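Chains as they are written, first to last, in the entry's author numbering: chain A, 11 to 268; chain B, 1 to 182, 185 to 254; chain C, 153 to 182, 185 to 204; chain D, 1 to 182, 185 to 254; chain E, 1 to 232; chain F, 1 to 232; chain G, 15 to 38; chain H, 15 to 38; chain I, 15 to 38; chain J, 15 to 38.
Just so it is clear, CB atoms sit at the ideal spot from N, CA and C, and this is done for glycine as well.
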Amino acid sequence: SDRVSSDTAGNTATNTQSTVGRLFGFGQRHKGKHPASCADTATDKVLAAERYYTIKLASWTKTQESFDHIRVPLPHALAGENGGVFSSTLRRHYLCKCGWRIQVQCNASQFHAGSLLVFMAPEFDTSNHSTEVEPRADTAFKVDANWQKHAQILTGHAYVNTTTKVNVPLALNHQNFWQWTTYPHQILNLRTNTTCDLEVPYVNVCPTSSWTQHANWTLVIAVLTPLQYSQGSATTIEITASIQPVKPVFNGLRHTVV
Amino acid sequence: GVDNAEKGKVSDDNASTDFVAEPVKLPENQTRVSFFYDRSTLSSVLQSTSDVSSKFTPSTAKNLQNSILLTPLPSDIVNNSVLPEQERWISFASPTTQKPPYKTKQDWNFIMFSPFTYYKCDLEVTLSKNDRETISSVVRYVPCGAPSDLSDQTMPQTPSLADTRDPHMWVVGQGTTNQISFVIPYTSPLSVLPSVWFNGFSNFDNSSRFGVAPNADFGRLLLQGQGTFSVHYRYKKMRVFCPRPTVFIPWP
Amino acid sequence: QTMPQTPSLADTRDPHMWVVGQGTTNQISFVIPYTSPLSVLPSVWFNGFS
Amino acid sequence: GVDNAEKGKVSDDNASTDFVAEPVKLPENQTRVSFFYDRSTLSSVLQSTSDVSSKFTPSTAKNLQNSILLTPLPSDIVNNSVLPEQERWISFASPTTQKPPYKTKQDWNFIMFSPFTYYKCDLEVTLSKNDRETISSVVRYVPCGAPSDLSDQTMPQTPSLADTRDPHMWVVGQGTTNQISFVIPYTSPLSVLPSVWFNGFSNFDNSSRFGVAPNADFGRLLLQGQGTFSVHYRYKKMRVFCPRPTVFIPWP
Amino acid sequence: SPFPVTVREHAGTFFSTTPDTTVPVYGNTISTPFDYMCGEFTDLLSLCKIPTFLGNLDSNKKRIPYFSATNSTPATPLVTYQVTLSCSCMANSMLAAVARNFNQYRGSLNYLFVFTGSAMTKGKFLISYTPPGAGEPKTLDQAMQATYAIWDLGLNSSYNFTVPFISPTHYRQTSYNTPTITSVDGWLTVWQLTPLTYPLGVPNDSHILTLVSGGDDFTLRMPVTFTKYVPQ
Amino acid sequence: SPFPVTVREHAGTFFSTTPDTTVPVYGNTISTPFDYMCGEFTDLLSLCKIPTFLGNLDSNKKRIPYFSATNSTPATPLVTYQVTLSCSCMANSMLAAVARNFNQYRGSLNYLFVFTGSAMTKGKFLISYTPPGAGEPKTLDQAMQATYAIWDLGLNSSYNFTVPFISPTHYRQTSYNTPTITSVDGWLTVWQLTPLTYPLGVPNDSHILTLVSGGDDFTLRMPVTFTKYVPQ
Amino acid sequence: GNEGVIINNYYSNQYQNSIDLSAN
Amino acid sequence: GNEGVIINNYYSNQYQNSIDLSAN
Amino acid sequence: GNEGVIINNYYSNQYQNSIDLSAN
Amino acid sequence: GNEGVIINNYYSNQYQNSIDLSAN
């Protein structure tokens with residue numbers, strides 16, 4: 011009952027009956043102040059853009075191992091048509107600045123076992139690691155379609171051919187997942203909770219973002235404990251997410267992209 | 001006692017929570033970020049075979065250039081760039097041994113321990129000659145993203161590097177102690195610098211090397227005069243943001 | 153060495169000193187604080203094992 | 001908004017004049033004339049093959065004299081003058097290459113960027129030996145327009161340049177650091195110096211070289227002792243008057 | 001008694017920019033009086049704010065301080081300037097000449113256009129500033145989608161257009177090797193909204209002078225030396 | 001008049017850790033504003049207190065962030081961790097990563113266990129911390145003889161266990177060549193007190209996540225560099 | 015951290031350190 | 015510009031700098 | 015013992031000497 | 015005799031000079 015929580019955002023509302031609270035990364039919220047690096051008065055407080063956008067993320071099966079994960083580049087994950095007015099406004103602006111409030115959903119039963127780590131990370135590598143090809147605009151910022159394995163990111167992944175890889179011991183896109191818990195996060199333990207609630211402020215190398223070139227935040231869902239269940243229990247276990255851009259700011263109005 | 005890690009945060013306990021014990025804390029402040037990074041660590045090496053009174057021309061010799069990019073992150077000549085640029089990975093200098101030295105320049109202590117996503121600081125640089133032969137050298141410091149000006153001498157027998165208003169240093173003689181040190187302010191147009199990765203491109207057609215931020219450095223150092231010089235960085239008034247994972251270490 | 157032609161000893165955050173040149177006086181001096191985990195050090199014998 | 005450039009002056013606007021925007025200014029004072037010019041820039045080079053204890057005699061060797069005229073503007077031996085004089089133009093040292101070095105001495109940074117017609121300042125001069133051989137040199141500073149006194153030694157085995165009450169410097173030995181620096187006050191009889199052109203003659207029969215002002219310099223430096231020395235100028239308490247065009251730059 | 005000293009490791013070093021002075025060898029000297037002087041200025045920014053000419057290309061690829069317009073409305077911009085103090089079109093303006101000696105800038109840029117056609121000539125231009133991210137504007141429809149002002153000819157001859165400082169970073173680079181998101185900031189394009197219109201006996205081509213300078217809140221910082229070149 | 005000085009015997013020495021500054025060559029420069037930033041932290045201790053994962057061995061000798069328990073009570077501990085910030089099991093935790101850069105530590109250590117089995121699974125564990133001197137505990141009888149807490153599964157999923165700082169010395173070494181009484185401090189072992197118990201249709205193996213971090217009164221001191229290695 | 019000299023810095027604070035400024 | 019030492023100049027102002035004087 | 019300089023130490027006391035602290 | 019420095023001795027008087035003491 012203290013675990014029943016409702017959250018309104020524009021014309022949308024998330025509801026959960028097993029919340030463990032909302033974690034505020036860095037104990038900060040994006041307040042929506044205009045970037046001091048822009049002279050033009052920003053476009054803001056667009057109610058049609060300050061809502062939750064819900065999307066399906068993945069299917070969790072018994073084959074996923076600890077640290078296999080799924081990445082959701084932001085704001086790009088919502089820069090497509092399904093991003094509604096946030097997207098259509100974003101595409102027509104040079105710069106955007108915002109925070110994120112997110113809830114990832116995933117229910118099992120009292121007879122299933124397993125757990126996920128739900129976290130937000132700034133400057134978290136979202137490029138593909140199954141190839142030695144340089145990441146490009148249309149491949150670097152895409153939501154993972156398949157679970158990513160973990161071994162090849164511990165020391166990073168150089169965009170060089172397999173034989174050169176031998177003489178490259180470390181790449182700057184390395185991610186020591188044993189410490190992924192140092193990022194603002196929550197754990198989705200099947201026996202405890204079917205939802206995780208996070209919120210992070212705006213962080214970047216600069217006042218506002220030229221988003222077309224940079225996915226500054228990444229929502230990541232990684233399994234910590236493999237999914238387990240006995241013969242007879244529901245086999246389809248899926249993961250979903252409600253993503254809300256917090257008080258976004260737009261500057262530099264222009265014609266649309268693509 | 002019991003708790004719930006799914007909250008994303010659990011209490012920091014001491015022995016008194018579950019047992020008959022007392023807190024045992026003693027004051028200590030050597031863990032402060034400012035204090036920790038406020039010390040000099042080897043971060044680069046430079047080599048020149050040109051005299052002081054000559055035209056500076058970019059060169060490489062066994063993985064050592066006569067100029068460096070001021071950044072704790074790995075840097076090196078990238079895809080035949082004229083001057084070194086920030087790298088995205090480290091490589092062994094040797095094509096066979098699979099053991100260091102690396103061909104890339106960096107502050108190993110920073111790369112191996114930078115549990116933050118962004119940092120801000122001033123940079124204290126120390127340049128030291130590797131042998132005892134009397135030093136005779138000229139160094140030019142170029143602010144972050146400023147013109148390198150790799151031009152000809154405008155006057156005969158003068159060090160082209162000194163032909164600038166950019167901050168430069170000239171040390172020579174029997175009375176000197178073969179080193180140079182100075185501190186430069188943060189000069190990047192970025193508010194804070196990415197300490198490990200930059201999840202994006204640096205130009206508008208997204209054709210740059212993904213992973214490297216635009217102008218994420220403290221400028222460059224160009225050198226002329228004979229010798230091999232080691233470089234140290236010391237991070238003044240250091241400030242870090244957003245905790246993140248450290249480099250992984252092989253399991254014992 | 154992590155980089156070619158550099159003194160491996162200087163490749164650390166530990167306190168280190170570098171003296172070289174014709175302007176130096178061939179010596180180094182400095185003071186370090188007591189760093190042992192022991193409260194006091196045994197000056198002659200320690201009647202035990204470690 | 002609309003305006004009329006014919007007035008000879010139009011307003012300095014910010015984004016708020018025509019659009020829904022705010023001023024975005026941040027304090028900054030590195031553009032002050034005093035601060036900008038208050039740094040050392042290479043401005044000359046000197047060479048001598050005579051020992052300290054000898055009679056100073058003007059010489060030239062591959063475009064380098066053993067004395068200089070203290071002025072940021074180009075200077076060189078003009079029409080076989082005994083000592084260098086202010087030039088009215090810059091020439092390549094080489095008769096073929098059509099590339100620098102130039103045979104003329106000047107502060108390239110000043111020539112390339114002097115958006116004013118007149119200037120006033122004190123001069124901080126730095127003289128550095130181009131190699132590490134122990135220095136043994138004597139320099140004589142002669143105020144603007146004062147007698148050069150290129151006389152014989154009055155006593156055997158003494159540096160004739162030191163045989164004066166004019167300010168002079170003597171550096172020598174194993175304990176020195178092969179350089180000299182000092185600051186001299188503005189000494190020209192002119193109230194302010196012309197920074198680029200002087201639209202007139204310097205004597206009464208108008209026979210001098212049109213374009214060069216009379217006594218428009220900070221004096222001269224004569225040197226004896228072995229070696230090649232580079233010179234730097236640093237403009238103290240710099241003051242400039244009457245804005246004017248900068249040197250043209252070829253279209254990209 | 002003598003004071004013990006610790007000679008630092010940089011003994012004898014000549015620092016070209018140390019904020020300290022050196023030894024005066026001819027002191028107690030009066031600097032020749034100049035109190036009668038006029039025209040003194042103390043900040044180089046003053047220069048940056050003086051509008052000076054942009055170099056536009058001739059039909060013969062010769063540089064001129066203006067562009068042409070006539071009785072028609074092209075589907076493409078009459079002129080296009082990339083906002084960079086590095087733009088070749090402004091290479092010889094005082095603004096660029098000063099900026100070449102500094103590392104970064106911040107603030108407004110003023111693009112001044114002066115109509116030089118006859119008094120009987122009328123017309124309207126649409127001056128647009130397009131921030132980057134989606135490339136250069138290809139049509140009037142796109143150019144109007146960004147920051148713009150409509151300039152109507154008439155009694156007042158010139159139009160003072162401001163390129164607002166819109167940037168992800170507080171400061172921007174004045175030059176670069178390859179364009180980056182911190183050194184290139186979009187485009188200023190001027191379009192013909194309505195055709196230049198006029199009566200008989202009036203030359204078909206009107207010339208519009210083009211100048212640039214820093215705006216009210218424009219600043220530069222970090223004294224540096226630009227890439228040297230051989231004058232010609 | 002000039003001041004007489006006594007040049008000390010260490011003239012020209014470069015001290016990497018002198019508590020003094022050097023010569024500023026580009027002063028009066030504004031550090032690009034960053035007041036909009038969030039997430040700043042000023043003490044590395046903050047990191048040490050964030051619970052991160054311990055690496056337990058798989059049945060195939062692969063490293064995993066948890067251990068297994070089932071319907072039985074082994075006569076031996078399910079997991080054993082030696083209390084040393086050097087323990088290989090915590091080699092990749094943030095606590096160890098930070099500690100590797102300091103010489104000594106003092107204070108509490110928090111070992112966090114998160115039960116990930118089904119909601120229908122019950123059971124009790126006995127988490128014990130055995131100080132050294134008499135070797136590792138060989139039986140439950142011995143393990144209970146030292147500092148311990150009984151963890152009962154239920155509504156709350158995790159158990160925050162504290163290894164009290166019990167030491168002959170005020171500070172302890174973070175690493176060592178050979179174990180000494182000032183660098184190795186005993187063992188943390190978790191035993192199955194009652195078997196994990198559950199109904200039909202529930203997998204027999206339950207996974208318990210294991211994490212470590214410094215406690216409330218935990219501190220580190222003396223910045224140093226750890227033994228270098230080649231990443232792989 | 016790591017500055018422990020009791021006499022004030024010889025170079026003024028504006029010059030010894032970069033100047034921190036808030037844009038708001 | 016470009017002087018940032020907090021302790022006063024060792025040489026007096028008359029000697030360190032030329033003396034500015036008005037003729038009127 | 016054995017310190018006889020009248021002007022105060024250039025490095026602060028925290029840095030020049032180890033810091034003495036009582037655990038009780 | 016023969017000491018003419020106006021700033022006080024850097025080393026304390028106990029150390030710079032032997033200590034004069036009367037036995038009565």
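Taking only beta-carbon atoms, is residue i less than 8 Å away from chain C?
| i | result |
| --- | --- |
| residue 166 (chain F) | no |
Cβ of residue i less than 8 Å from any chain A Cβ?
| i | result |
| --- | --- |
| residue 121 (chain B) | no |
| residue 232 (chain F) | yes |
| residue 28 (chain D) | no |
Would you mind giving the Cβ-Cβ distance between residue i and residue j, rounded to the nearest angstrom? I have them listed as a contact below 8 Å.
| i | j | result |
| --- | --- | --- |
| residue 192 (chain D) | residue 218 (chain D) | 6 Å |
| residue 105 (chain E) | residue 174 (chain E) | 6 Å |
| residue 123 (chain B) | residue 186 (chain B) | 5 Å |
| residue 226 (chain D) | residue 138 (chain D) | 5 Å |
| residue 118 (chain F) | residue 5 (chain B) | Contact doesn't hold; Cβ gap of about 17 Å is too wide. |
| residue 77 (chain D) | residue 127 (chain D) | The Cβ separation is near 20 Å, so there is no contact. |
Please work out which residues of its chain come closer than 6 Å, Cβ to Cβ, to residue i, disregarding the five sequence neighbours upstream and downstream, and give them in chain order.
| i | result |
| --- | --- |
| residue 185 (chain E) | 83 |
| residue 132 (chain E) | 186 |
| residue 107 (chain D) | 41, 43, 72, 235 |
| residue 28 (chain I) | none |
Taking Cβ positions, are residue i and residue j nearer each other than 8 Å?
| i | j | result |
| --- | --- | --- |
| residue 227 (chain A) | residue 210 (chain A) | yes |
| residue 58 (chain B) | residue 83 (chain B) | yes |
| residue 94 (chain E) | residue 115 (chain D) | yes |
| residue 222 (chain B) | residue 225 (chain E) | no |
| residue 87 (chain B) | residue 95 (chain B) | no |
| residue 186 (chain A) | residue 250 (chain B) | yes |
| residue 14 (chain D) | residue 131 (chain A) | no |
| residue 56 (chain D) | residue 150 (chain D) | yes |
| residue 47 (chain A) | residue 222 (chain A) | no |
Please tell me whether residue i has its Cβ less than 8 Å away from any Cβ of chain H.
| i | result |
| --- | --- |
| residue 107 (chain D) | no |
| residue 211 (chain D) | no |
Verify the CB distance criterion: does residue i have a CB-CB separation below 8 Å to chain D?
| i | result |
| --- | --- |
| residue 156 (chain B) | yes |
| residue 159 (chain B) | yes |
| residue 54 (chain A) | no |
Hey, does residue i have any beta-carbon neighbour from chain F nearer than 8 Å?
| i | result |
| --- | --- |
| residue 197 (chain C) | no |
Would residue i pass as an interface residue toward chain J - the criterion being a Cβ-Cβ separation below 8 Å?
| i | result |
| --- | --- |
| residue 15 (chain I) | no |
Bridge partners for residue i per DSSP, in chain order?
| i | result |
| --- | --- |
| residue 211 (chain B) | BP columns for residue 211 (chain B) are empty, so no partner. |
| residue 43 (chain F) | B:32 |
Please list, in chain order, all residues of the same chain as residue i whose beta carbon is under 8 Å from its beta carbon, the five residues on each side excluded.
| i | result |
| --- | --- |
| residue 238 (chain B) | 38, 121, 122, 123, 124, 185 |
Is there a Cβ from chain E that is less than 8 Å from the Cβ of residue i?
| i | result |
| --- | --- |
| residue 145 (chain A) | no |
Beta-carbon of residue i versus every beta-carbon of chain B: anything under 8 Å?
| i | result |
| --- | --- |
| residue 139 (chain A) | no |
| residue 27 (chain G) | no |
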